[PDB]
(Lines of atoms letter the chains of each structure in order from A and count residues from 1; the text may use other names and numbers.)
(Lines give C-alpha, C1' and ligand atoms only; values in the text may rest on other atoms or scores of the structure.)
Protein backbone atom coordinates (compact mmCIF):
# COMPACT_ATOMS: atom_id res chain seq x y z
CA UNK A 1 0.00 0.00 0.00
CA UNK A 2 1.29 3.38 -1.12
CA UNK A 3 -0.36 6.23 0.78
CA UNK A 4 -0.18 9.79 2.08
CA UNK A 5 -0.23 11.19 5.61
CA UNK A 6 -3.14 13.59 5.16
CA UNK A 7 -6.67 12.20 5.49
CA UNK A 8 -10.04 13.86 4.99
CA UNK A 9 -11.63 15.08 8.20
CA UNK A 10 -14.60 12.96 9.24
CA UNK A 11 -17.84 14.86 9.76
CA UNK A 12 -16.57 17.55 7.38
CA UNK A 13 -18.41 20.88 7.45
CA UNK A 14 -16.77 23.48 5.23
CA UNK A 15 -19.06 26.35 6.29
CA UNK A 16 -18.06 25.93 9.94
CA UNK A 17 -14.41 25.55 9.00
CA UNK A 18 -14.61 28.71 6.91
CA UNK A 19 -16.13 30.54 9.89
CA UNK A 20 -13.45 28.96 12.06
CA UNK A 21 -10.78 30.49 9.81
CA UNK A 22 -12.59 33.83 9.94
CA UNK A 23 -12.45 33.67 13.73
CA UNK A 24 -8.68 33.19 13.82
CA UNK A 25 -7.96 36.22 11.63
CA UNK A 26 -10.74 38.52 12.83
CA UNK A 27 -9.23 41.52 14.60
CA UNK A 28 -5.96 42.12 16.41
CA UNK A 29 -3.59 39.15 16.16
CA UNK A 30 -3.74 35.84 14.32
CA UNK A 31 -4.69 32.47 15.79
CA UNK A 32 -2.18 30.66 13.59
CA UNK A 33 -2.71 27.56 15.72
CA UNK A 34 -6.29 27.61 14.53
CA UNK A 35 -5.23 28.18 10.94
CA UNK A 36 -2.68 25.37 11.10
CA UNK A 37 -5.23 23.00 12.62
CA UNK A 38 -7.81 23.40 9.88
CA UNK A 39 -5.45 23.35 6.87
CA UNK A 40 -3.34 20.44 8.08
CA UNK A 41 -6.23 18.24 9.21
CA UNK A 42 -8.47 18.65 6.19
CA UNK A 43 -7.63 17.10 2.79
CA UNK A 44 -6.96 19.18 -0.33
CA UNK A 45 -10.44 18.49 -1.75
CA UNK A 46 -12.00 19.73 1.50
CA UNK A 47 -9.70 22.74 1.50
CA UNK A 48 -11.12 23.55 -1.91
CA UNK A 49 -14.67 23.58 -0.53
CA UNK A 50 -13.57 25.63 2.46
CA UNK A 51 -12.09 28.17 0.04
CA UNK A 52 -15.37 28.34 -1.83
CA UNK A 53 -17.37 28.89 1.39
CA UNK A 54 -15.03 31.60 2.66
CA UNK A 55 -15.31 33.62 -0.49
CA UNK A 56 -19.08 33.28 -0.61
CA UNK A 57 -19.33 34.04 3.11
CA UNK A 58 -17.06 37.09 3.17
CA UNK A 59 -16.47 38.38 -0.35
CA UNK A 60 -12.71 37.97 0.10
CA UNK A 61 -10.62 35.03 -1.16
CA UNK A 62 -8.98 32.95 1.59
CA UNK A 63 -5.61 33.11 -0.19
CA UNK A 64 -5.63 36.89 -0.13
CA UNK A 65 -6.47 36.97 3.57
CA UNK A 66 -3.51 34.71 4.22
CA UNK A 67 -1.20 36.77 2.01
CA UNK A 68 -2.02 39.65 4.32
CA UNK A 69 -2.19 37.94 7.70
CA UNK A 70 0.64 35.39 7.49
CA UNK A 71 4.28 35.86 6.52
CA UNK A 72 7.39 34.00 5.43
CA UNK A 73 7.61 30.22 5.26
CA UNK A 74 4.43 29.82 7.26
CA UNK A 75 2.60 31.94 4.72
CA UNK A 76 4.03 30.10 1.73
CA UNK A 77 3.39 26.70 3.25
CA UNK A 78 -0.20 27.58 4.05
CA UNK A 79 -0.81 28.82 0.52
CA UNK A 80 0.85 25.72 -0.92
CA UNK A 81 -1.71 23.50 0.85
CA UNK A 82 -4.54 25.61 -0.56
CA UNK A 83 -3.37 25.06 -4.15
CA UNK A 84 -5.03 22.27 -6.09
CA UNK A 85 -2.22 19.73 -6.67
CA UNK A 86 -1.71 20.32 -10.41
CA UNK A 87 -1.89 24.08 -9.93
CA UNK A 88 0.66 23.87 -7.14
CA UNK A 89 3.17 22.10 -9.36
CA UNK A 90 2.47 24.45 -12.28
CA UNK A 91 3.12 27.49 -10.05
CA UNK A 92 6.20 25.76 -8.68
CA UNK A 93 7.61 25.52 -12.22
CA UNK A 94 6.61 29.09 -12.93
CA UNK A 95 8.54 30.26 -9.87
CA UNK A 96 11.50 28.02 -10.73
CA UNK A 97 11.81 29.68 -14.14
CA UNK A 98 10.79 33.29 -13.79
CA UNK A 99 12.22 34.34 -10.43
CA UNK A 100 15.85 35.55 -10.18
CA UNK A 101 17.85 32.84 -12.00
CA UNK A 102 16.73 29.26 -12.70
CA UNK A 103 15.91 26.80 -9.90
CA UNK A 104 17.03 23.81 -11.93
CA UNK A 105 16.71 21.25 -9.14
CA UNK A 106 13.04 22.19 -8.88
CA UNK A 107 12.51 21.59 -12.60
CA UNK A 108 14.15 18.17 -12.23
CA UNK A 109 12.02 17.20 -9.19
CA UNK A 110 8.87 18.07 -11.12
CA UNK A 111 9.55 17.13 -14.75
CA UNK A 112 11.86 14.13 -14.45
CA UNK A 113 9.67 12.07 -12.07
CA UNK A 114 6.16 12.06 -13.56
CA UNK A 115 4.08 9.61 -15.58
CA UNK A 116 2.70 10.65 -18.99
CA UNK A 117 -0.66 11.45 -17.45
CA UNK A 118 0.82 13.46 -14.59
CA UNK A 119 2.96 15.44 -17.00
CA UNK A 120 -0.06 16.22 -19.13
CA UNK A 121 -2.16 17.37 -16.17
CA UNK A 122 0.64 19.69 -15.09
CA UNK A 123 0.95 21.12 -18.62
CA UNK A 124 -2.78 21.85 -18.74
CA UNK A 125 -2.80 23.54 -15.31
CA UNK A 126 0.16 25.65 -16.41
CA UNK A 127 -1.57 26.77 -19.60
CA UNK A 128 -4.66 27.46 -17.54
CA UNK A 129 -2.76 29.49 -14.93
CA UNK A 130 -0.50 31.55 -17.16
CA UNK A 131 -1.98 31.22 -20.63
CA UNK A 132 1.42 30.20 -22.00
CA UNK A 133 2.86 26.85 -23.13
CA UNK A 134 5.03 25.18 -20.50
CA UNK A 135 7.57 23.91 -23.06
CA UNK A 136 7.92 27.37 -24.61
CA UNK A 137 8.77 28.77 -21.16
CA UNK A 138 11.23 26.00 -20.25
CA UNK A 139 13.11 26.48 -23.53
CA UNK A 140 13.54 30.19 -22.75
CA UNK A 141 15.06 29.35 -19.34
CA UNK A 142 17.28 26.33 -20.10
CA UNK A 143 19.64 25.28 -22.91
CA UNK A 144 21.70 22.48 -24.44
CA UNK A 145 21.35 18.89 -23.24
CA UNK A 146 19.47 19.89 -20.10
CA UNK A 147 16.89 21.71 -22.19
CA UNK A 148 16.51 18.71 -24.47
CA UNK A 149 15.93 16.34 -21.60
CA UNK A 150 13.20 18.61 -20.24
CA UNK A 151 11.65 18.88 -23.70
CA UNK A 152 11.60 15.07 -23.91
CA UNK A 153 9.95 14.84 -20.48
CA UNK A 154 7.21 17.31 -21.55
CA UNK A 155 5.92 15.25 -24.49
CA UNK A 156 4.49 12.68 -22.09
CA UNK A 157 5.59 10.12 -24.64
CA UNK A 158 7.04 7.38 -22.45
CA UNK A 159 6.10 3.96 -23.82
CA UNK A 160 4.43 3.00 -20.59
CA UNK A 161 2.94 -0.11 -22.14
CA UNK A 162 6.36 -1.59 -23.03
CA UNK A 163 6.74 -4.88 -21.17
CA UNK A 164 9.93 -6.05 -19.48
CA UNK A 165 12.11 -7.84 -22.03
CA UNK A 166 15.54 -8.98 -20.90
CA UNK A 167 16.85 -9.39 -24.46
CA UNK A 168 16.05 -5.88 -25.60
CA UNK A 169 17.04 -4.53 -22.20
CA UNK A 170 20.50 -6.07 -22.61
CA UNK A 171 20.67 -4.39 -26.00
CA UNK A 172 19.83 -0.97 -24.57
CA UNK A 173 22.36 -1.45 -21.77
CA UNK A 174 25.07 -2.27 -24.31
CA UNK A 175 24.12 0.82 -26.31
CA UNK A 176 24.37 2.94 -23.15
CA UNK A 177 27.76 1.49 -22.28
CA UNK A 178 28.98 2.30 -25.79
CA UNK A 179 27.58 5.82 -25.63
CA UNK A 180 29.44 6.57 -22.40
CA UNK A 181 31.96 4.38 -20.54
CA UNK A 182 33.03 2.46 -23.63
CA UNK A 183 34.36 5.49 -25.44
CA UNK A 184 36.45 8.59 -24.86
CA UNK A 185 33.68 10.97 -25.95
CA UNK A 186 29.97 10.68 -25.11
CA UNK A 187 26.79 10.08 -27.12
CA UNK A 188 24.55 11.95 -24.68
CA UNK A 189 21.49 11.62 -26.91
CA UNK A 190 21.54 7.86 -26.40
CA UNK A 191 21.22 8.35 -22.65
CA UNK A 192 18.39 10.84 -23.26
CA UNK A 193 16.69 8.47 -25.72
CA UNK A 194 16.66 5.36 -23.51
CA UNK A 195 15.81 7.06 -20.24
CA UNK A 196 12.94 9.11 -21.64
CA UNK A 197 11.15 6.46 -23.72
CA UNK A 198 11.44 3.05 -22.03
CA UNK A 199 8.72 2.01 -19.57
CA UNK A 200 9.67 2.05 -15.92
CA UNK A 201 9.61 -1.78 -15.67
CA UNK A 202 11.86 -2.06 -18.72
CA UNK A 203 14.26 0.61 -17.40
CA UNK A 204 14.58 -1.36 -14.17
CA UNK A 205 15.56 -4.37 -16.29
CA UNK A 206 17.93 -2.20 -18.29
CA UNK A 207 19.74 -1.09 -15.13
CA UNK A 208 20.07 -4.73 -14.04
CA UNK A 209 21.50 -5.68 -17.43
CA UNK A 210 23.90 -2.73 -17.20
CA UNK A 211 25.39 -4.00 -13.92
CA UNK A 212 26.18 -7.24 -15.72
CA UNK A 213 28.33 -5.59 -18.38
CA UNK A 214 30.38 -3.01 -16.46
CA UNK A 215 32.03 -2.76 -13.04
CA UNK A 216 29.97 0.38 -12.42
CA UNK A 217 26.23 0.73 -11.83
CA UNK A 218 24.31 2.88 -14.34
CA UNK A 219 24.26 5.45 -11.51
CA UNK A 220 28.04 5.53 -11.33
CA UNK A 221 28.39 5.54 -15.11
CA UNK A 222 26.17 8.61 -15.38
CA UNK A 223 27.76 10.36 -12.37
CA UNK A 224 31.11 9.85 -14.08
CA UNK A 225 30.07 10.60 -17.66
CA UNK A 226 28.20 13.92 -17.07
CA UNK A 227 28.15 16.97 -14.81
CA UNK A 228 25.79 19.79 -13.81
CA UNK A 229 22.10 19.90 -14.65
CA UNK A 230 22.06 17.14 -17.28
CA UNK A 231 23.80 14.69 -14.94
CA UNK A 232 21.36 15.46 -12.13
CA UNK A 233 18.41 15.13 -14.51
CA UNK A 234 19.55 11.76 -15.80
CA UNK A 235 20.25 10.52 -12.26
CA UNK A 236 16.80 11.62 -11.10
CA UNK A 237 15.13 9.42 -13.67
CA UNK A 238 17.18 6.38 -12.64
CA UNK A 239 16.40 6.97 -8.97
CA UNK A 240 12.70 7.55 -9.60
CA UNK A 241 12.57 4.22 -11.41
CA UNK A 242 14.50 2.21 -8.76
CA UNK A 243 13.01 3.85 -5.67
CA UNK A 244 10.96 7.05 -5.89
CA UNK A 245 10.52 7.03 -2.11
CA UNK A 246 14.28 7.25 -1.67
CA UNK A 247 14.53 9.95 -4.33
CA UNK A 248 12.20 12.22 -2.38
CA UNK A 249 13.66 11.07 0.96
CA UNK A 250 17.10 12.01 -0.33
CA UNK A 251 15.82 15.33 -1.63
CA UNK A 252 14.15 16.07 1.70
CA UNK A 253 17.40 15.37 3.54
CA UNK A 254 19.41 17.67 1.27
CA UNK A 255 16.84 20.47 1.56
CA UNK A 256 17.32 20.35 5.33
CA UNK A 257 21.09 20.06 5.41
CA UNK A 258 23.18 22.22 7.73
CA UNK A 259 22.29 25.51 9.39
CA UNK A 260 19.70 26.57 6.80
CA UNK A 261 16.74 25.12 4.95
CA UNK A 262 15.88 25.04 1.28
CA UNK A 263 12.35 25.86 2.38
CA UNK A 264 10.89 25.89 -1.14
CA UNK A 265 12.07 22.31 -1.62
CA UNK A 266 10.85 21.06 1.74
CA UNK A 267 7.43 22.68 1.35
CA UNK A 268 7.00 21.47 -2.23
CA UNK A 269 7.78 17.83 -1.49
CA UNK A 270 5.83 17.51 1.74
CA UNK A 271 2.76 19.19 0.30
CA UNK A 272 2.79 17.60 -3.15
CA UNK A 273 3.32 14.10 -1.76
CA UNK A 274 1.05 14.71 1.23
CA UNK A 275 -1.81 12.63 -0.20
CA UNK A 276 0.04 10.17 -2.44
CA UNK A 277 3.00 8.44 -0.81
CA UNK A 278 4.39 10.56 2.03
CA UNK A 279 3.84 7.57 4.34
CA UNK A 280 6.31 5.43 2.39
CA UNK A 281 8.56 8.45 1.98
CA UNK A 282 8.61 8.71 5.78
CA UNK A 283 9.34 4.97 6.09
CA UNK A 284 12.17 5.20 3.55
CA UNK A 285 13.76 8.33 5.03
CA UNK A 286 13.93 6.56 8.36
CA UNK A 287 15.74 3.49 7.10
CA UNK A 288 18.06 5.72 5.07
CA UNK A 289 19.12 8.11 7.83
CA UNK A 290 18.01 6.45 11.07
CA UNK A 291 16.26 9.70 12.06
CA UNK A 292 12.54 10.35 11.65
CA UNK A 293 11.57 12.84 8.95
CA UNK A 294 9.62 14.63 11.68
CA UNK A 295 12.61 15.15 13.96
CA UNK A 296 14.52 16.31 10.93
CA UNK A 297 11.84 18.87 10.22
CA UNK A 298 11.33 19.70 13.91
CA UNK A 299 15.00 20.58 14.26
CA UNK A 300 15.28 22.44 10.98
CA UNK A 301 12.17 24.60 10.99
CA UNK A 302 10.87 27.10 13.48
CA UNK A 303 7.60 28.61 14.71
CA UNK A 304 4.25 28.06 13.05
CA UNK A 305 5.90 27.02 9.81
CA UNK A 306 7.55 24.14 11.64
CA UNK A 307 4.28 23.33 13.41
CA UNK A 308 2.36 23.21 10.14
CA UNK A 309 4.96 21.04 8.41
CA UNK A 310 5.03 18.73 11.41
CA UNK A 311 1.26 18.27 11.34
CA UNK A 312 0.99 17.42 7.65
CA UNK A 313 3.92 14.99 7.80
CA UNK A 314 3.11 12.99 10.94
CA UNK A 315 5.44 11.32 13.46
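Positions refer to the first chain, counted from 1.
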Averaged over C-alpha atoms, is the B-factor higher for 147 to 155 or for 216 to 224 in this PDB entry? 216 to 224
Between 257 to 265 and 43 to 51, which has the larger average Cα B-factor in the PDB entry? 257 to 265
Highest recorded Cα temperature factor - choice among 137, 91, 229, 188: 137
Name the residue from 103, 141, 132, 162 with the greatest C-alpha temperature factor listed in the entry. 132
Where does residue 64 sit by CA temperature factor within its chain: lowest, middle or highest third? lowest
Tertile call for residue 239 (CA temperature factor, within chain, third-based) is the middle
Ranking the modelled residues of this chain by C-alpha B-factor as given in the entry, is residue 288 in the lowest, middle or highest third? highest
Splitting the chain's C-alpha B-factors into thirds, which one does residue 18 fall into? lowest
What third of the chain does residue 87 rank in for C-alpha temperature factor, lowest, middle or highest? highest
